[PDB]
file protein_36.tsv (TSV, C-alpha atoms)
chain	number	residue	atom	x	y	z
A	4	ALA	CA	-12.24	-9.94	13.22
A	5	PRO	CA	-15.02	-9.75	10.55
A	6	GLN	CA	-16.59	-13.14	9.84
A	7	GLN	CA	-15.79	-12.82	6.10
A	8	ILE	CA	-12.07	-12.65	6.99
A	9	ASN	CA	-12.19	-15.45	9.55
A	10	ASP	CA	-14.02	-17.62	7.03
A	11	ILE	CA	-11.77	-17.11	3.99
A	12	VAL	CA	-8.64	-17.41	6.06
A	13	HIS	CA	-9.57	-20.60	7.86
A	14	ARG	CA	-11.16	-22.14	4.74
A	15	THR	CA	-7.93	-21.57	2.77
A	16	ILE	CA	-5.28	-22.25	5.43
A	17	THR	CA	-6.67	-25.37	7.14
A	18	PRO	CA	-6.42	-27.53	3.98
A	19	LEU	CA	-3.05	-25.94	3.13
A	20	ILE	CA	-1.68	-27.05	6.51
A	21	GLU	CA	-3.27	-30.48	5.99
A	22	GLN	CA	-1.98	-31.01	2.44
A	23	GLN	CA	1.53	-29.62	3.11
A	24	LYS	CA	1.98	-31.18	6.62
A	25	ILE	CA	3.01	-27.85	8.12
A	26	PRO	CA	3.76	-28.17	11.89
A	27	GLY	CA	2.96	-24.52	12.67
A	28	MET	CA	1.74	-21.40	10.88
A	29	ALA	CA	0.84	-17.76	11.57
A	30	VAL	CA	-1.07	-15.51	9.19
A	31	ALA	CA	-1.87	-11.77	9.28
A	32	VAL	CA	-4.35	-10.14	6.94
A	33	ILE	CA	-4.28	-6.36	6.57
A	34	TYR	CA	-7.78	-5.29	5.58
A	35	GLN	CA	-8.59	-1.64	5.12
A	36	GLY	CA	-5.27	-0.97	6.83
A	37	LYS	CA	-5.94	-2.94	10.07
A	38	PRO	CA	-4.28	-6.29	11.00
A	39	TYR	CA	-6.03	-9.54	11.86
A	40	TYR	CA	-4.03	-12.48	13.22
A	41	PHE	CA	-4.41	-16.24	12.98
A	42	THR	CA	-2.23	-19.06	14.32
A	43	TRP	CA	-2.17	-22.86	14.12
A	44	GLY	CA	-0.11	-25.74	15.36
A	45	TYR	CA	3.36	-25.97	16.85
A	46	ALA	CA	6.41	-23.75	17.12
A	47	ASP	CA	8.20	-26.68	18.82
A	48	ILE	CA	6.76	-30.15	18.32
A	49	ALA	CA	8.93	-31.89	20.94
A	50	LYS	CA	8.21	-29.35	23.69
A	51	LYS	CA	4.57	-28.94	22.54
A	52	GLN	CA	4.96	-25.15	22.30
A	53	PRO	CA	2.10	-23.56	20.26
A	54	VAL	CA	2.54	-20.91	17.60
A	55	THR	CA	1.37	-17.58	19.07
A	56	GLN	CA	1.48	-13.95	17.84
A	57	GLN	CA	4.88	-13.71	19.56
A	58	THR	CA	6.50	-16.71	17.85
A	59	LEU	CA	9.64	-15.87	15.81
A	60	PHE	CA	9.96	-17.41	12.36
A	61	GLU	CA	12.94	-17.31	10.02
A	62	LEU	CA	11.92	-15.08	7.10
A	63	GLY	CA	14.58	-16.41	4.72
A	64	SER	CA	14.51	-14.40	1.48
A	65	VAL	CA	11.75	-12.07	2.73
A	66	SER	CA	14.77	-10.58	4.59
A	67	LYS	CA	15.77	-9.06	1.24
A	68	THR	CA	12.86	-6.61	1.50
A	69	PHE	CA	14.44	-5.22	4.68
A	70	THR	CA	17.84	-4.94	2.92
A	71	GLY	CA	16.17	-3.25	-0.06
A	72	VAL	CA	14.44	-0.65	2.17
A	73	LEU	CA	17.65	-0.14	4.23
A	74	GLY	CA	19.49	0.52	0.94
A	75	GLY	CA	16.69	2.88	-0.15
A	76	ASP	CA	17.04	4.78	3.12
A	77	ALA	CA	20.81	5.14	2.44
A	78	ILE	CA	20.10	6.56	-1.04
A	79	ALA	CA	17.58	8.99	0.50
A	80	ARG	CA	20.27	10.04	3.01
A	81	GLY	CA	22.66	10.82	0.13
A	82	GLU	CA	25.10	8.17	1.48
A	83	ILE	CA	25.09	6.06	-1.72
A	84	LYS	CA	23.66	6.18	-5.25
A	85	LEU	CA	22.38	3.15	-7.19
A	86	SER	CA	24.30	4.52	-10.16
A	87	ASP	CA	27.63	4.26	-8.22
A	88	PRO	CA	30.17	1.60	-9.27
A	89	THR	CA	30.63	-1.21	-6.79
A	90	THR	CA	34.34	-0.26	-6.65
A	91	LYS	CA	33.49	3.17	-5.18
A	92	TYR	CA	32.64	1.36	-1.92
A	93	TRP	CA	35.05	-1.57	-2.20
A	94	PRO	CA	38.11	-0.23	-4.01
A	95	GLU	CA	39.93	-3.54	-3.26
A	96	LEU	CA	37.69	-5.12	-5.93
A	97	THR	CA	40.24	-4.57	-8.68
A	98	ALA	CA	39.39	-7.44	-11.05
A	99	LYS	CA	38.44	-6.16	-14.53
A	100	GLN	CA	34.98	-7.71	-14.55
A	101	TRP	CA	33.85	-5.14	-11.92
A	102	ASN	CA	34.24	-2.20	-14.29
A	103	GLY	CA	30.61	-1.35	-15.15
A	104	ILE	CA	28.85	-3.19	-12.28
A	105	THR	CA	26.85	-0.72	-10.19
A	106	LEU	CA	25.00	-0.96	-6.87
A	107	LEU	CA	21.76	-1.09	-8.93
A	108	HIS	CA	23.00	-4.31	-10.62
A	109	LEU	CA	23.82	-5.87	-7.24
A	110	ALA	CA	20.45	-4.99	-5.70
A	111	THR	CA	18.44	-6.34	-8.67
A	112	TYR	CA	20.40	-9.53	-9.54
A	113	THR	CA	21.57	-8.10	-12.88
A	114	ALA	CA	25.37	-7.94	-12.30
A	115	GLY	CA	25.95	-10.69	-14.85
A	116	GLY	CA	25.30	-13.99	-13.09
A	117	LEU	CA	26.63	-13.79	-9.52
A	118	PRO	CA	25.93	-17.19	-7.84
A	119	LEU	CA	22.78	-18.07	-5.88
A	120	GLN	CA	24.83	-18.82	-2.76
A	121	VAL	CA	28.13	-17.62	-1.33
A	122	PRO	CA	30.15	-20.87	-0.93
A	123	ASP	CA	30.22	-22.36	2.59
A	124	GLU	CA	34.03	-22.20	2.64
A	125	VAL	CA	33.87	-18.38	2.48
A	126	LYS	CA	33.97	-17.10	6.04
A	127	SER	CA	36.32	-14.12	6.63
A	128	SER	CA	36.29	-10.70	4.97
A	129	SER	CA	39.45	-11.71	3.04
A	130	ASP	CA	37.71	-14.93	1.83
A	131	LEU	CA	34.79	-12.85	0.63
A	132	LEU	CA	37.06	-10.43	-1.27
A	133	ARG	CA	38.75	-13.34	-2.99
A	134	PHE	CA	35.39	-14.85	-3.91
A	135	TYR	CA	34.15	-11.74	-5.74
A	136	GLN	CA	37.57	-11.13	-7.35
A	137	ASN	CA	37.60	-14.70	-8.73
A	138	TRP	CA	33.99	-14.66	-9.99
A	139	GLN	CA	33.71	-14.78	-13.77
A	140	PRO	CA	30.51	-13.13	-15.10
A	141	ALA	CA	28.58	-15.06	-17.70
A	142	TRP	CA	26.94	-11.92	-19.07
A	143	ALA	CA	27.46	-8.15	-19.40
A	144	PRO	CA	25.89	-6.13	-16.55
A	145	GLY	CA	22.21	-5.21	-16.91
A	146	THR	CA	21.23	-7.86	-19.46
A	147	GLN	CA	20.00	-10.90	-17.46
A	148	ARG	CA	18.46	-11.47	-14.04
A	149	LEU	CA	19.66	-14.42	-11.96
A	150	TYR	CA	18.34	-14.51	-8.40
A	151	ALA	CA	21.40	-14.47	-6.14
A	152	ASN	CA	22.03	-14.12	-2.42
A	153	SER	CA	25.64	-13.20	-3.30
A	154	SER	CA	24.28	-10.23	-5.30
A	155	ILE	CA	21.78	-8.55	-2.93
A	156	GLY	CA	23.94	-9.63	0.07
A	157	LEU	CA	26.87	-7.60	-1.33
A	158	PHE	CA	24.51	-4.70	-2.00
A	159	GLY	CA	23.52	-4.78	1.67
A	160	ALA	CA	27.07	-4.80	2.91
A	161	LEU	CA	28.20	-1.94	0.68
A	162	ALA	CA	25.10	0.16	1.19
A	163	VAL	CA	25.87	0.56	4.91
A	164	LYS	CA	29.61	1.27	4.52
A	165	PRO	CA	29.40	5.11	4.47
A	166	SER	CA	27.17	5.17	7.61
A	167	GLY	CA	30.02	3.73	9.71
A	168	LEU	CA	27.51	1.32	11.25
A	169	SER	CA	27.56	-2.46	11.16
A	170	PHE	CA	24.77	-3.87	8.95
A	171	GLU	CA	22.85	-5.02	12.06
A	172	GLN	CA	23.21	-1.62	13.78
A	173	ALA	CA	22.09	0.26	10.68
A	174	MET	CA	19.08	-2.06	10.28
A	175	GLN	CA	18.11	-1.75	13.99
A	176	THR	CA	18.56	2.03	14.13
A	177	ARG	CA	17.23	3.05	10.73
A	178	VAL	CA	14.46	0.52	10.00
A	179	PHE	CA	13.36	-1.72	12.94
A	180	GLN	CA	13.28	0.96	15.69
A	181	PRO	CA	11.53	3.74	13.65
A	182	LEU	CA	8.84	1.28	12.56
A	183	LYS	CA	8.50	-0.20	16.07
A	184	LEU	CA	9.52	-3.66	14.98
A	185	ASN	CA	10.63	-4.54	18.47
A	186	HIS	CA	10.49	-8.32	18.03
A	187	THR	CA	12.40	-8.49	14.76
A	188	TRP	CA	16.02	-9.64	14.87
A	189	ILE	CA	19.09	-10.49	12.83
A	190	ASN	CA	20.50	-12.35	15.83
A	191	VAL	CA	17.87	-13.78	18.18
A	192	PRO	CA	18.77	-12.70	21.76
A	193	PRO	CA	18.81	-15.35	24.54
A	194	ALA	CA	15.81	-13.66	26.20
A	195	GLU	CA	13.72	-14.32	23.07
A	196	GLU	CA	14.82	-17.95	22.47
A	197	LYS	CA	11.67	-19.19	24.26
A	198	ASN	CA	9.68	-17.68	21.29
A	199	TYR	CA	11.90	-18.90	18.45
A	200	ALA	CA	10.18	-21.64	16.44
A	201	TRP	CA	12.10	-24.64	15.24
A	202	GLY	CA	12.10	-25.14	11.48
A	203	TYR	CA	11.29	-28.64	10.26
A	204	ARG	CA	13.06	-30.34	7.35
A	205	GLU	CA	12.22	-34.03	6.72
A	206	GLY	CA	10.91	-34.11	10.29
A	207	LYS	CA	14.17	-32.84	11.86
A	208	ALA	CA	14.18	-29.62	13.95
A	209	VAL	CA	16.56	-27.13	12.26
A	210	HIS	CA	17.62	-23.50	12.51
A	211	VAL	CA	19.40	-21.41	9.86
A	212	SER	CA	23.22	-21.84	9.75
A	213	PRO	CA	25.64	-18.89	9.99
A	214	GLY	CA	27.08	-17.97	6.60
A	215	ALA	CA	28.81	-15.07	4.84
A	216	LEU	CA	26.35	-12.28	4.02
A	217	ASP	CA	23.59	-14.15	5.91
A	218	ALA	CA	22.26	-11.04	7.71
A	219	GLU	CA	22.03	-9.12	4.39
A	220	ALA	CA	20.34	-11.85	2.31
A	221	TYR	CA	18.38	-14.27	4.51
A	222	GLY	CA	18.85	-13.70	8.22
A	223	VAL	CA	15.89	-11.76	9.62
A	224	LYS	CA	13.60	-13.50	12.17
A	225	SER	CA	10.25	-11.91	13.10
A	226	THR	CA	6.78	-12.34	14.61
A	227	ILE	CA	3.47	-12.23	12.75
A	228	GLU	CA	2.71	-8.95	14.56
A	229	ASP	CA	5.92	-7.24	13.43
A	230	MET	CA	5.50	-8.60	9.88
A	231	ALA	CA	1.94	-7.19	9.78
A	232	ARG	CA	3.44	-3.85	10.82
A	233	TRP	CA	6.11	-4.21	8.11
A	234	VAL	CA	3.29	-4.72	5.53
A	235	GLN	CA	1.39	-1.64	6.86
A	236	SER	CA	4.57	0.48	6.51
A	237	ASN	CA	5.04	-0.66	2.94
A	238	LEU	CA	1.32	-0.23	2.05
A	239	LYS	CA	1.38	3.40	3.26
A	240	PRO	CA	4.90	4.81	3.44
A	241	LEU	CA	3.57	8.41	3.74
A	242	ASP	CA	2.32	7.74	7.27
A	243	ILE	CA	5.98	7.15	8.29
A	244	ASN	CA	7.46	10.24	9.99
A	245	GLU	CA	11.15	9.61	9.17
A	246	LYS	CA	11.65	11.28	5.80
A	247	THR	CA	14.50	9.13	4.51
A	248	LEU	CA	12.78	5.91	5.59
A	249	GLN	CA	9.52	6.93	3.86
A	250	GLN	CA	11.57	7.70	0.73
A	251	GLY	CA	13.54	4.43	1.06
A	252	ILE	CA	10.30	2.42	1.12
A	253	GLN	CA	9.17	4.20	-2.03
A	254	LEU	CA	12.51	3.50	-3.75
A	255	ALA	CA	12.32	-0.21	-2.93
A	256	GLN	CA	8.99	-0.45	-4.75
A	257	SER	CA	10.12	1.39	-7.87
A	258	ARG	CA	10.25	-0.75	-11.07
A	259	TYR	CA	13.83	-1.07	-12.30
A	260	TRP	CA	13.64	-4.02	-14.70
A	261	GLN	CA	10.95	-6.00	-16.42
A	262	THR	CA	10.89	-9.72	-17.22
A	263	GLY	CA	7.61	-11.06	-18.53
A	264	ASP	CA	4.80	-9.74	-16.37
A	265	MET	CA	7.14	-9.05	-13.40
A	266	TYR	CA	9.00	-5.90	-12.32
A	267	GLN	CA	12.06	-6.00	-10.08
A	268	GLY	CA	12.29	-3.57	-7.13
A	269	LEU	CA	14.89	-3.52	-4.34
A	270	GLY	CA	14.00	-6.76	-2.56
A	271	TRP	CA	10.31	-6.47	-3.49
A	272	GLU	CA	9.01	-7.86	-6.79
A	273	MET	CA	5.81	-6.42	-8.41
A	274	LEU	CA	3.12	-7.21	-10.96
A	275	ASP	CA	0.40	-4.89	-12.28
A	276	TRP	CA	-2.94	-5.43	-10.56
A	277	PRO	CA	-5.32	-7.09	-11.40
A	278	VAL	CA	-3.44	-10.36	-12.02
A	279	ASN	CA	-4.20	-14.12	-11.92
A	280	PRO	CA	-2.00	-16.48	-9.75
A	281	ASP	CA	-0.76	-18.42	-12.79
A	282	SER	CA	0.95	-15.24	-13.99
A	283	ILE	CA	2.26	-14.62	-10.44
A	284	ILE	CA	3.98	-18.05	-10.21
A	291	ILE	CA	14.01	-24.42	-10.59
A	292	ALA	CA	17.36	-24.05	-8.79
A	293	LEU	CA	18.45	-21.47	-11.44
A	294	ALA	CA	16.25	-19.52	-13.93
A	295	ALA	CA	18.20	-17.07	-16.10
A	296	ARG	CA	15.86	-14.45	-17.62
A	297	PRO	CA	16.67	-11.62	-20.06
A	298	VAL	CA	15.58	-8.24	-18.61
A	299	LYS	CA	14.52	-4.96	-20.14
A	300	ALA	CA	15.62	-1.80	-18.34
A	301	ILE	CA	12.89	0.57	-17.21
A	302	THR	CA	14.56	3.86	-18.15
A	303	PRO	CA	14.08	5.71	-15.92
A	304	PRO	CA	12.52	3.49	-13.16
A	305	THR	CA	8.73	3.83	-12.54
A	306	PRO	CA	7.91	5.22	-9.07
A	307	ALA	CA	5.94	2.81	-6.87
A	308	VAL	CA	2.68	1.97	-8.67
A	309	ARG	CA	-0.26	1.77	-6.25
A	310	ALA	CA	-2.20	-0.71	-8.46
A	311	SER	CA	0.39	-3.51	-8.02
A	312	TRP	CA	0.61	-6.92	-6.45
A	313	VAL	CA	3.81	-6.42	-4.44
A	314	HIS	CA	5.31	-9.59	-3.05
A	315	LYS	CA	8.29	-11.69	-1.80
A	316	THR	CA	8.60	-15.39	-1.11
A	317	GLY	CA	11.18	-16.57	1.44
A	318	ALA	CA	12.65	-19.83	2.60
A	319	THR	CA	15.22	-21.38	4.88
A	320	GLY	CA	15.90	-25.10	5.22
A	321	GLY	CA	13.10	-25.36	7.80
A	322	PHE	CA	10.85	-22.31	7.09
A	323	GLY	CA	8.60	-20.94	4.31
A	324	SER	CA	7.29	-17.37	4.27
A	325	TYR	CA	5.24	-15.20	1.92
A	326	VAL	CA	4.20	-11.57	1.87
A	327	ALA	CA	1.93	-9.87	-0.67
A	328	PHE	CA	0.09	-6.58	-0.67
A	329	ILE	CA	-1.84	-4.27	-2.97
A	330	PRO	CA	-1.31	-0.56	-2.08
A	331	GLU	CA	-4.36	0.82	-3.91
A	332	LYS	CA	-6.67	-1.42	-1.85
A	333	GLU	CA	-4.92	-1.16	1.54
A	334	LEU	CA	-4.91	-4.97	1.52
A	335	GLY	CA	-2.10	-7.42	2.46
A	336	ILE	CA	-1.19	-10.82	3.80
A	337	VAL	CA	1.78	-12.39	5.59
A	338	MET	CA	2.07	-16.17	5.84
A	339	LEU	CA	4.83	-17.61	8.15
A	340	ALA	CA	5.40	-21.37	8.45
A	341	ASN	CA	8.08	-23.65	10.04
A	342	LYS	CA	8.29	-25.87	6.97
A	343	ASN	CA	9.63	-24.94	3.53
A	344	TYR	CA	6.70	-25.97	1.35
A	345	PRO	CA	6.30	-25.22	-2.39
A	346	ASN	CA	6.00	-21.56	-3.52
A	347	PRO	CA	3.01	-22.10	-5.84
A	348	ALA	CA	0.97	-23.34	-2.85
A	349	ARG	CA	1.82	-20.10	-0.92
A	350	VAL	CA	0.85	-17.84	-3.83
A	351	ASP	CA	-2.38	-19.77	-4.51
A	352	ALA	CA	-3.50	-19.44	-0.87
A	353	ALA	CA	-2.57	-15.72	-0.63
A	354	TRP	CA	-4.36	-14.93	-3.90
A	355	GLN	CA	-7.45	-16.88	-2.83
A	356	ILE	CA	-7.65	-14.85	0.43
A	357	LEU	CA	-6.91	-11.42	-1.01
A	358	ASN	CA	-9.16	-12.06	-4.08
A	359	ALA	CA	-12.08	-12.83	-1.71
A	360	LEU	CA	-11.52	-9.58	0.20
A	361	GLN	CA	-10.67	-7.34	-2.74

call {"tool": "encode", "arguments": {"input": "protein_36.tsv", "output": "structure tokens"}}
result
Amino acid sequence: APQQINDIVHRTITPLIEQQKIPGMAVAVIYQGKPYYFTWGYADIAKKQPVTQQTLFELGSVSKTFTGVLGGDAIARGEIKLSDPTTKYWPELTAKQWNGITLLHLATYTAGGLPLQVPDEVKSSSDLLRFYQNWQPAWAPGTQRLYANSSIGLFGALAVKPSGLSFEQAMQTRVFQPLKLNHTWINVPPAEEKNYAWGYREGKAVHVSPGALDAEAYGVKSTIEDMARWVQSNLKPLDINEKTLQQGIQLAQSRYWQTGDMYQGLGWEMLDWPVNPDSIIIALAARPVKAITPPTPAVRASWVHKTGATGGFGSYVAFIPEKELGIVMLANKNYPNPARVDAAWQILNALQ
């Protein structure tokens, strides 16, 4: 643990935790490819359980990076193509609006305004079918980006259909296990409950609620050690032995669409490096997108990132491949995104 790293980390995080009233936090910095870990505060306030390197946090939308890489791995296996119509994998989707919507549109939030959330009343597979059949697009496919769990969540479900595996089995077998993410879960097993932090919302201890497409969009829980390993795998996919997984990582960091200074990958979002935090940083923001035709392969000089939240948790991951530099920040309070990005940029800027 070089003193430069200790110093910038603690000097940035301590006041963050103070200002944001975060009960507990874990941070990993990847510096020249090696991880360094830091923890503060409480995984469970009532039971006075500390955050440790083994504490599980809800990743929220950072889960989409796993879905994106799982989908990439499926493409690499020749199981699906991003150019395939959604109806190839769900022929029961017969409503006319689906003509022209591809798996690429689903993965990148460009299907034409699918909603941020699947409604709470949607539980069964028949309920879900009805939901997508009834949805009325605001826009033609591939014209506007609207961040949507109902969009990437559907991508996740369809992407695994040819494999025969459940989404959780595919993710375990094809992503978690190969990468040795042995403390990363869609469903937290009873044996690991001792390590599962409570989230805190308005001072109340909360965990994520079950929902349709939860696993695919927002349901991964993980430790700071596994998340550091996830960042290492994404910083250097070539060091991964499994050919289709290596390829899938690369596909998830390709640039499919541009809006402003940002490029949409599968799960991951990217900006050209160098970049200031103001350019890096609303319940709904509809943005016109330009297609990148054809998509740009993963650019090493990029700030690659994803913010994530559940009711009680706030996470952030960012890395720069050309510099072998990265950070994961996991907290059991959902605090504002700009504060996450500022802190990450401050740390990585100091080390870069």

call {"tool": "atom_distance", "arguments": {"input": "protein_36.tsv", "atom1": "atom CA of residue A:328", "atom2": "atom CA of residue A:15"}}
result
17.3 Å

call {"tool": "closest_residue", "arguments": {"input": "protein_36.tsv", "among": "A:223, A:46, A:17, A:293", "to": "residue A:118", "atoms": "only C-alpha atoms"}}
result
A:293

call {"tool": "atom_distance", "arguments": {"input": "protein_36.tsv", "atom1": "atom CA of residue A:133", "atom2": "atom CA of residue A:294"}}
result
25.8 Å

call {"tool": "residues_near_point", "arguments": {"input": "protein_36.tsv", "point": "(25.9, -13.0, -14.3)", "cutoff": "12 Å", "atoms": "only C-alpha atoms", "output": "mmCIF file with C-alpha atoms, in the frame of the given file"}}
result
data_model
loop_
_atom_site.group_PDB
_atom_site.id
_atom_site.type_symbol
_atom_site.label_atom_id
_atom_site.label_comp_id
_atom_site.auth_asym_id
_atom_site.auth_seq_id
_atom_site.Cartn_x
_atom_site.Cartn_y
_atom_site.Cartn_z
ATOM 1 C CA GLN A 100 34.980 -7.710 -14.550
ATOM 2 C CA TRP A 101 33.850 -5.140 -11.920
ATOM 3 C CA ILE A 104 28.850 -3.190 -12.280
ATOM 4 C CA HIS A 108 23.000 -4.310 -10.620
ATOM 5 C CA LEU A 109 23.820 -5.870 -7.240
ATOM 6 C CA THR A 111 18.440 -6.340 -8.670
ATOM 7 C CA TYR A 112 20.400 -9.530 -9.540
ATOM 8 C CA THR A 113 21.570 -8.100 -12.880
ATOM 9 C CA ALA A 114 25.370 -7.940 -12.300
ATOM 10 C CA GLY A 115 25.950 -10.690 -14.850
ATOM 11 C CA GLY A 116 25.300 -13.990 -13.090
ATOM 12 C CA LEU A 117 26.630 -13.790 -9.520
ATOM 13 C CA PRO A 118 25.930 -17.190 -7.840
ATOM 14 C CA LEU A 119 22.780 -18.070 -5.880
ATOM 15 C CA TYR A 135 34.150 -11.740 -5.740
ATOM 16 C CA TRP A 138 33.990 -14.660 -9.990
ATOM 17 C CA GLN A 139 33.710 -14.780 -13.770
ATOM 18 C CA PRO A 140 30.510 -13.130 -15.100
ATOM 19 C CA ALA A 141 28.580 -15.060 -17.700
ATOM 20 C CA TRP A 142 26.940 -11.920 -19.070
ATOM 21 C CA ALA A 143 27.460 -8.150 -19.400
ATOM 22 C CA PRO A 144 25.890 -6.130 -16.550
ATOM 23 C CA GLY A 145 22.210 -5.210 -16.910
ATOM 24 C CA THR A 146 21.230 -7.860 -19.460
ATOM 25 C CA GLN A 147 20.000 -10.900 -17.460
ATOM 26 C CA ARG A 148 18.460 -11.470 -14.040
ATOM 27 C CA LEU A 149 19.660 -14.420 -11.960
ATOM 28 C CA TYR A 150 18.340 -14.510 -8.400
ATOM 29 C CA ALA A 151 21.400 -14.470 -6.140
ATOM 30 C CA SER A 153 25.640 -13.200 -3.300
ATOM 31 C CA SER A 154 24.280 -10.230 -5.300
ATOM 32 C CA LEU A 293 18.450 -21.470 -11.440
ATOM 33 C CA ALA A 294 16.250 -19.520 -13.930
ATOM 34 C CA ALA A 295 18.200 -17.070 -16.100
ATOM 35 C CA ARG A 296 15.860 -14.450 -17.620
ATOM 36 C CA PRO A 297 16.670 -11.620 -20.060
#

call {"tool": "closest_residue", "arguments": {"input": "protein_36.tsv", "among": "A:246, A:99, A:299, A:239", "to": "residue A:263", "atoms": "only C-alpha atoms"}}
result
A:299

call {"tool": "closest_residue", "arguments": {"input": "protein_36.tsv", "among": "A:23, A:127, A:256, A:105", "to": "residue A:216", "atoms": "only C-alpha atoms"}}
result
A:127

call {"tool": "atom_distance", "arguments": {"input": "protein_36.tsv", "atom1": "atom CA of residue A:224", "atom2": "atom CA of residue A:5"}}
result
28.9 Å
